[PDB]
Amino acid sequence: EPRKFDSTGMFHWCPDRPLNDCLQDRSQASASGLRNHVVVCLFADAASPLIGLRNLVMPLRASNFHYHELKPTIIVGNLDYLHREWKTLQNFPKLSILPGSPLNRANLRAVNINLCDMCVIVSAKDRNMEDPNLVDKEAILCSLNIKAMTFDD
Amino acid sequence: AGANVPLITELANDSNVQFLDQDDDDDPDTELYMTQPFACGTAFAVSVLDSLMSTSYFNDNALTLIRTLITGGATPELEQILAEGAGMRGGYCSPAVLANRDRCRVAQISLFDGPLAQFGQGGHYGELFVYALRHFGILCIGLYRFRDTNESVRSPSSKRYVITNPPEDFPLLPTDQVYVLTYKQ
Ligand SMILES: [Ba+2]
């Protein structure tokens with residue numbers, strides 16, 4: 001098994017790739033039968049400060065997991081923010097990006113959010129310019145939208 | 001020939017309606033609904049919509065009726081379809097669906113040369129209403145009539161104003177227009 005790890009040998013490693021080698025649209029995402037994956041709904045702007053999504057993907061690629069036990073990760077959010085962020089994510093295998101918005105339902109249907117194992121709702125937008133009760137509008141709206149959605153059994 | 005172009009203006013502030021028509025006499029404490037541009041159907045401001053919040057509280061069937069009148073459809077099923085983010089979709093429809101192509105629509109008719117033009121001269125509103133309802137299945141809402149009384153000479157300001165449900169003894173004129181609710185396309 002030609003597996004490529006880090007120099008320290010504690011994480012899975014892949015050679016560097018351009019962003020478009022992982023970029024996908026709705027048709028391609030629905031073509032791939034994603035299941036038991038992880039969905040990251042990112043509410044980021046184009047000039048918002050970085051979160052460091054590496055720290056979210058690094059623990060998921062530990063070397064004590066068999067390569068078939070790795071959980072695919074798909075990030076749904078803004079694209080320019082992901083252009084900035086991709087410099088630190090290109091070395092993690094089994095990672096996909098679907099540009100768009102997480103509040104749209106077509107994206108969530110293509111991603112197969114009803115077969116996933118976890119949906120992490122993160123927001124990179126700037127904080128505290130308005131009432132403190134109106135800083136988590138996007139997160140609450142996304143949670144309610146996902147809860148109220150209905151799929152086909 | 002450029003003063004006969006029918007145009008409707010949308011205003012941000014409702015106090016600017018004094019600058020739209022020249023032949024009218026302006027006044028600073030007159031309400032928007034009483035000015036001449038609004039009475040003719042030329043100016044429109046969103047402030048008149050501020051009264052739609054109270055009526056919907058007092059009458060729960062008002063909003064449904066007004067949406068049905070001024071939208072031509074938009075059933076909750078269409079809202080659900082649009083809520084999926086995929087946009088408007090459709091194509092050739094089954095004959096059962098195409099039965100929705102017969103709802104009534106608001107239209108405007110004239111008393112000049114139509115089959116019911118006999119009410120233009122000496123006719124009364126009630127006679128025209130009952131005749132249209134009995135014969136053509138048409139319900140009349142109101143009149144849209146020249147502002148100048150001397151329509152024989154047709155004074156240069158050829159503007160019209162609206163009368164809502166005139167009494168049964170209202171006298172008609174050959175140049176009047178009627179708002180109607182037509183059926184069967
Ligand atoms: Ba004036």
# chains A, B, ... in the order shown; residues from 1 in each chain; ligands from 1
>>> residues_near_ligand(ligand="ligand 1", cutoff="12 Å", atoms="only C-alpha atoms and all ligand atoms", output="list in words")
residues 15, 16, 17, 18, 19, 20, 21, 22, 23, 24, 25, 26, 27, 28, 35, 36 and 37 of chain B
>>> write_last_selection(atoms="C-alpha atoms", output="mmCIF file, in the first residue's frame")
data_model
loop_
_atom_site.group_PDB
_atom_site.id
_atom_site.type_symbol
_atom_site.label_atom_id
_atom_site.label_comp_id
_atom_site.auth_asym_id
_atom_site.auth_seq_id
_atom_site.Cartn_x
_atom_site.Cartn_y
_atom_site.Cartn_z
ATOM 1 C CA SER B 15 -44.334 65.680 -0.699
ATOM 2 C CA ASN B 16 -42.736 66.056 -4.153
ATOM 3 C CA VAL B 17 -46.036 65.284 -5.918
ATOM 4 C CA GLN B 18 -46.589 69.053 -6.096
ATOM 5 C CA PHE B 19 -43.909 69.274 -8.812
ATOM 6 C CA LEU B 20 -45.465 66.761 -11.229
ATOM 7 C CA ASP B 21 -48.498 68.602 -12.659
ATOM 8 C CA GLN B 22 -48.496 72.289 -13.585
ATOM 9 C CA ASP B 23 -52.210 73.044 -14.026
ATOM 10 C CA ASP B 24 -52.990 71.993 -10.445
ATOM 11 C CA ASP B 25 -52.904 74.277 -7.409
ATOM 12 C CA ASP B 26 -50.400 73.112 -4.810
ATOM 13 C CA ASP B 27 -50.994 73.083 -1.058
ATOM 14 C CA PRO B 28 -48.633 72.084 1.777
ATOM 15 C CA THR B 35 -53.636 65.494 -5.018
ATOM 16 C CA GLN B 36 -54.288 65.576 -8.757
ATOM 17 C CA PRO B 37 -51.368 63.357 -9.901
#
>>> interface_residues(of="chain B", to="chain A", cutoff="9 Å", atoms="only C-alpha atoms", output="number ranges by chain")
B: 83-86
>>> write_last_selection(atoms="N, CA, C and O atoms", output="PDB file, in the first residue's frame")
ATOM      1  N   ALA B  83     -38.420  28.311  -3.134  1.00  0.00           N
ATOM      2  CA  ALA B  83     -37.630  28.211  -1.914  1.00  0.00           C
ATOM      3  C   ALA B  83     -36.516  27.176  -1.996  1.00  0.00           C
ATOM      4  O   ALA B  83     -35.649  27.158  -1.118  1.00  0.00           O
ATOM      5  N   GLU B  84     -36.513  26.320  -3.017  1.00  0.00           N
ATOM      6  CA  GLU B  84     -35.488  25.294  -3.145  1.00  0.00           C
ATOM      7  C   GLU B  84     -34.203  25.809  -3.779  1.00  0.00           C
ATOM      8  O   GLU B  84     -33.245  25.040  -3.907  1.00  0.00           O
ATOM      9  N   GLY B  85     -34.159  27.075  -4.187  1.00  0.00           N
ATOM     10  CA  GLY B  85     -32.951  27.665  -4.718  1.00  0.00           C
ATOM     11  C   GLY B  85     -32.603  27.273  -6.136  1.00  0.00           C
ATOM     12  O   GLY B  85     -31.605  27.775  -6.669  1.00  0.00           O
ATOM     13  N   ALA B  86     -33.384  26.399  -6.767  1.00  0.00           N
ATOM     14  CA  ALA B  86     -33.120  25.985  -8.136  1.00  0.00           C
ATOM     15  C   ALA B  86     -33.737  26.916  -9.169  1.00  0.00           C
ATOM     16  O   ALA B  86     -33.504  26.729 -10.367  1.00  0.00           O
TER      17      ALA B  86
END
>>> closest_residue(among="B:138, B:3, B:63, B:106", to="residue 157 in chain B", atoms="only C-alpha atoms")
B:3
>>> decode(residues="range 9-143 of chain B", atoms="C-alpha atoms", output="PDB file, in the first residue's frame")
ATOM      1  CA  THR B   9     -43.762  57.835 -11.589  1.00  0.00           C
ATOM      2  CA  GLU B  10     -42.538  56.265  -8.347  1.00  0.00           C
ATOM      3  CA  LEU B  11     -41.714  58.767  -5.604  1.00  0.00           C
ATOM      4  CA  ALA B  12     -39.456  58.316  -2.590  1.00  0.00           C
ATOM      5  CA  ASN B  13     -40.901  61.298  -0.704  1.00  0.00           C
ATOM      6  CA  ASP B  14     -44.637  61.889  -1.070  1.00  0.00           C
ATOM      7  CA  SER B  15     -44.334  65.680  -0.699  1.00  0.00           C
ATOM      8  CA  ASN B  16     -42.736  66.056  -4.153  1.00  0.00           C
ATOM      9  CA  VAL B  17     -46.036  65.284  -5.918  1.00  0.00           C
ATOM     10  CA  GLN B  18     -46.589  69.053  -6.096  1.00  0.00           C
ATOM     11  CA  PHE B  19     -43.909  69.274  -8.812  1.00  0.00           C
ATOM     12  CA  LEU B  20     -45.465  66.761 -11.229  1.00  0.00           C
ATOM     13  CA  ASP B  21     -48.498  68.602 -12.659  1.00  0.00           C
ATOM     14  CA  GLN B  22     -48.496  72.289 -13.585  1.00  0.00           C
ATOM     15  CA  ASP B  23     -52.210  73.044 -14.026  1.00  0.00           C
ATOM     16  CA  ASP B  24     -52.990  71.993 -10.445  1.00  0.00           C
ATOM     17  CA  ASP B  25     -52.904  74.277  -7.409  1.00  0.00           C
ATOM     18  CA  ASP B  26     -50.400  73.112  -4.810  1.00  0.00           C
ATOM     19  CA  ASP B  27     -50.994  73.083  -1.058  1.00  0.00           C
ATOM     20  CA  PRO B  28     -48.633  72.084   1.777  1.00  0.00           C
ATOM     21  CA  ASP B  29     -50.962  70.145   4.119  1.00  0.00           C
ATOM     22  CA  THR B  30     -52.945  68.218   1.490  1.00  0.00           C
ATOM     23  CA  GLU B  31     -52.727  64.440   1.739  1.00  0.00           C
ATOM     24  CA  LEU B  32     -51.186  62.459  -1.107  1.00  0.00           C
ATOM     25  CA  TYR B  33     -54.416  60.623  -1.941  1.00  0.00           C
ATOM     26  CA  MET B  34     -56.153  63.966  -2.592  1.00  0.00           C
ATOM     27  CA  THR B  35     -53.636  65.494  -5.018  1.00  0.00           C
ATOM     28  CA  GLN B  36     -54.288  65.576  -8.757  1.00  0.00           C
ATOM     29  CA  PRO B  37     -51.368  63.357  -9.901  1.00  0.00           C
ATOM     30  CA  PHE B  38     -52.514  60.593  -7.543  1.00  0.00           C
ATOM     31  CA  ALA B  39     -56.183  61.030  -8.465  1.00  0.00           C
ATOM     32  CA  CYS B  40     -55.220  60.451 -12.116  1.00  0.00           C
ATOM     33  CA  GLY B  41     -53.098  57.338 -11.571  1.00  0.00           C
ATOM     34  CA  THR B  42     -49.799  59.008 -12.503  1.00  0.00           C
ATOM     35  CA  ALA B  43     -47.934  59.143  -9.176  1.00  0.00           C
ATOM     36  CA  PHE B  44     -47.407  56.352  -6.659  1.00  0.00           C
ATOM     37  CA  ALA B  45     -45.638  56.292  -3.296  1.00  0.00           C
ATOM     38  CA  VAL B  46     -44.940  53.432  -0.910  1.00  0.00           C
ATOM     39  CA  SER B  47     -46.393  55.461   1.980  1.00  0.00           C
ATOM     40  CA  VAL B  48     -49.931  54.531   0.899  1.00  0.00           C
ATOM     41  CA  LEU B  49     -48.936  50.916   1.595  1.00  0.00           C
ATOM     42  CA  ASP B  50     -48.326  51.758   5.271  1.00  0.00           C
ATOM     43  CA  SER B  51     -52.074  51.290   5.811  1.00  0.00           C
ATOM     44  CA  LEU B  52     -51.897  47.627   4.745  1.00  0.00           C
ATOM     45  CA  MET B  53     -50.566  46.565   8.156  1.00  0.00           C
ATOM     46  CA  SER B  54     -53.701  47.590  10.062  1.00  0.00           C
ATOM     47  CA  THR B  55     -56.281  46.150   7.655  1.00  0.00           C
ATOM     48  CA  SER B  56     -54.569  42.750   7.641  1.00  0.00           C
ATOM     49  CA  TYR B  57     -55.050  42.774  11.413  1.00  0.00           C
ATOM     50  CA  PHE B  58     -58.728  43.737  11.257  1.00  0.00           C
ATOM     51  CA  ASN B  59     -59.620  41.642   8.189  1.00  0.00           C
ATOM     52  CA  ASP B  60     -57.656  38.427   7.706  1.00  0.00           C
ATOM     53  CA  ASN B  61     -58.946  37.821   4.154  1.00  0.00           C
ATOM     54  CA  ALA B  62     -57.804  41.183   2.755  1.00  0.00           C
ATOM     55  CA  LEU B  63     -54.180  40.259   2.038  1.00  0.00           C
ATOM     56  CA  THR B  64     -55.140  37.057   0.214  1.00  0.00           C
ATOM     57  CA  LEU B  65     -57.593  38.940  -2.002  1.00  0.00           C
ATOM     58  CA  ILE B  66     -55.198  41.787  -2.790  1.00  0.00           C
ATOM     59  CA  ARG B  67     -52.394  39.349  -3.637  1.00  0.00           C
ATOM     60  CA  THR B  68     -54.759  37.377  -5.877  1.00  0.00           C
ATOM     61  CA  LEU B  69     -55.781  40.577  -7.670  1.00  0.00           C
ATOM     62  CA  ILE B  70     -52.358  42.185  -8.107  1.00  0.00           C
ATOM     63  CA  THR B  71     -50.202  39.088  -8.662  1.00  0.00           C
ATOM     64  CA  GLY B  72     -52.143  36.877 -11.074  1.00  0.00           C
ATOM     65  CA  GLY B  73     -51.209  33.709  -9.204  1.00  0.00           C
ATOM     66  CA  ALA B  74     -48.205  32.936  -6.982  1.00  0.00           C
ATOM     67  CA  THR B  75     -49.775  30.110  -5.017  1.00  0.00           C
ATOM     68  CA  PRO B  76     -47.917  28.807  -1.938  1.00  0.00           C
ATOM     69  CA  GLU B  77     -46.804  25.840  -4.054  1.00  0.00           C
ATOM     70  CA  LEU B  78     -44.900  28.256  -6.296  1.00  0.00           C
ATOM     71  CA  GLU B  79     -43.294  29.825  -3.221  1.00  0.00           C
ATOM     72  CA  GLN B  80     -42.237  26.344  -2.095  1.00  0.00           C
ATOM     73  CA  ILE B  81     -40.805  25.679  -5.565  1.00  0.00           C
ATOM     74  CA  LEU B  82     -38.819  28.924  -5.475  1.00  0.00           C
ATOM     75  CA  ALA B  83     -37.630  28.211  -1.914  1.00  0.00           C
ATOM     76  CA  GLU B  84     -35.488  25.294  -3.145  1.00  0.00           C
ATOM     77  CA  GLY B  85     -32.951  27.665  -4.718  1.00  0.00           C
ATOM     78  CA  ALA B  86     -33.120  25.985  -8.136  1.00  0.00           C
ATOM     79  CA  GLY B  87     -35.123  28.843  -9.660  1.00  0.00           C
ATOM     80  CA  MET B  88     -38.220  28.751 -11.814  1.00  0.00           C
ATOM     81  CA  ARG B  89     -38.696  25.455 -13.633  1.00  0.00           C
ATOM     82  CA  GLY B  90     -41.308  23.862 -15.844  1.00  0.00           C
ATOM     83  CA  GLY B  91     -42.268  22.942 -19.370  1.00  0.00           C
ATOM     84  CA  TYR B  92     -45.155  21.400 -21.285  1.00  0.00           C
ATOM     85  CA  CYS B  93     -47.965  20.897 -18.781  1.00  0.00           C
ATOM     86  CA  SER B  94     -50.597  18.220 -18.342  1.00  0.00           C
ATOM     87  CA  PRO B  95     -54.163  19.219 -19.306  1.00  0.00           C
ATOM     88  CA  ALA B  96     -55.174  19.102 -15.631  1.00  0.00           C
ATOM     89  CA  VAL B  97     -52.653  21.831 -14.779  1.00  0.00           C
ATOM     90  CA  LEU B  98     -53.598  23.913 -17.838  1.00  0.00           C
ATOM     91  CA  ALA B  99     -57.070  24.267 -16.304  1.00  0.00           C
ATOM     92  CA  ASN B 100     -55.521  27.163 -14.345  1.00  0.00           C
ATOM     93  CA  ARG B 101     -55.570  29.302 -17.526  1.00  0.00           C
ATOM     94  CA  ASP B 102     -59.129  30.574 -16.985  1.00  0.00           C
ATOM     95  CA  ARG B 103     -58.987  32.788 -13.881  1.00  0.00           C
ATOM     96  CA  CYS B 104     -60.499  36.257 -14.116  1.00  0.00           C
ATOM     97  CA  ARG B 105     -58.339  39.276 -14.912  1.00  0.00           C
ATOM     98  CA  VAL B 106     -58.747  43.026 -14.532  1.00  0.00           C
ATOM     99  CA  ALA B 107     -59.274  44.850 -17.825  1.00  0.00           C
ATOM    100  CA  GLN B 108     -60.448  48.193 -19.187  1.00  0.00           C
ATOM    101  CA  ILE B 109     -63.182  48.708 -21.777  1.00  0.00           C
ATOM    102  CA  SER B 110     -64.485  51.760 -23.620  1.00  0.00           C
ATOM    103  CA  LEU B 111     -68.008  53.004 -24.352  1.00  0.00           C
ATOM    104  CA  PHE B 112     -67.059  54.190 -27.851  1.00  0.00           C
ATOM    105  CA  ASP B 113     -67.786  51.505 -30.457  1.00  0.00           C
ATOM    106  CA  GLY B 114     -68.209  48.196 -28.621  1.00  0.00           C
ATOM    107  CA  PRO B 115     -71.295  46.002 -28.468  1.00  0.00           C
ATOM    108  CA  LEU B 116     -72.245  47.838 -25.247  1.00  0.00           C
ATOM    109  CA  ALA B 117     -71.513  51.346 -26.573  1.00  0.00           C
ATOM    110  CA  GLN B 118     -75.241  52.191 -26.555  1.00  0.00           C
ATOM    111  CA  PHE B 119     -74.855  53.249 -22.904  1.00  0.00           C
ATOM    112  CA  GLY B 120     -72.442  56.040 -23.847  1.00  0.00           C
ATOM    113  CA  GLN B 121     -75.247  58.452 -24.764  1.00  0.00           C
ATOM    114  CA  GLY B 122     -77.904  58.991 -22.102  1.00  0.00           C
ATOM    115  CA  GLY B 123     -77.099  55.667 -20.453  1.00  0.00           C
ATOM    116  CA  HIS B 124     -76.868  55.117 -16.714  1.00  0.00           C
ATOM    117  CA  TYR B 125     -74.341  53.123 -14.713  1.00  0.00           C
ATOM    118  CA  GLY B 126     -76.797  50.591 -13.291  1.00  0.00           C
ATOM    119  CA  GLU B 127     -78.204  49.639 -16.688  1.00  0.00           C
ATOM    120  CA  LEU B 128     -74.712  49.059 -18.087  1.00  0.00           C
ATOM    121  CA  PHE B 129     -73.721  47.046 -15.011  1.00  0.00           C
ATOM    122  CA  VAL B 130     -76.732  44.731 -15.150  1.00  0.00           C
ATOM    123  CA  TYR B 131     -76.499  44.344 -18.938  1.00  0.00           C
ATOM    124  CA  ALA B 132     -72.807  43.419 -18.812  1.00  0.00           C
ATOM    125  CA  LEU B 133     -73.330  41.032 -15.893  1.00  0.00           C
ATOM    126  CA  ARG B 134     -76.285  39.265 -17.516  1.00  0.00           C
ATOM    127  CA  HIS B 135     -74.975  39.069 -21.092  1.00  0.00           C
ATOM    128  CA  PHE B 136     -71.164  38.902 -21.054  1.00  0.00           C
ATOM    129  CA  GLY B 137     -70.511  37.785 -17.472  1.00  0.00           C
ATOM    130  CA  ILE B 138     -68.534  40.957 -16.727  1.00  0.00           C
ATOM    131  CA  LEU B 139     -68.417  42.746 -13.366  1.00  0.00           C
ATOM    132  CA  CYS B 140     -67.798  46.507 -13.446  1.00  0.00           C
ATOM    133  CA  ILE B 141     -65.754  48.110 -10.667  1.00  0.00           C
ATOM    134  CA  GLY B 142     -65.622  51.792 -11.573  1.00  0.00           C
ATOM    135  CA  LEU B 143     -65.140  54.511 -14.150  1.00  0.00           C
TER     136      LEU B 143
END
